[PDB]
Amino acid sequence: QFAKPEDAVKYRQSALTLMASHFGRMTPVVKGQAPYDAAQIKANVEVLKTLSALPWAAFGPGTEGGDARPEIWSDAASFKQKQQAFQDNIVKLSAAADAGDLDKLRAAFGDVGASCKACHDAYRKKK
């Protein structure tokens, strides 16, 4: 769906921005600094699940650019493993949210965050 590589870059950056907001906005809830409404969090994690599937199709071959490291494309299998593993961490978060289980939500939230970082460490350039 992208006319030029720049369009893929803009898409993925926008998708990742939205994911970051839907993930990060739960930090106060996880920490107990904001109240835990199970229905609110269930709905939010549903949005996050949808968003978390979107960036990867915008790293198609030849869409080098932005702050993407070239290693994304020189080992396609390894990058795919990282995004699929991340999406499975989101599945654990979804299961916790759907169950209304705050303890599971906290644990899953931590693992999701670690998975964001694991990918950045291998595949995102320094600012």
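The numbering used is simple: start at 1 and walk along the sequence shown.
Stretches 54-62 and 73-81 differ in mean C-alpha B factor, with the higher average recorded for 73-81. Between the stretches 11-19 and 114-122, it is 114-122 that shows the larger average CA temperature factor.
Placement of the Cα temperature factor of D67 within the chain: highest third of the modelled residues, per the deposited record.
When the modelled residues of the chain are ordered by their C-alpha B factor, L102 lands in the highest third. When the modelled residues of the chain are ordered by C-alpha B-factor, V30 sits in the middle third. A38: CA B factor lies in the highest third for its chain, per the PDB record.
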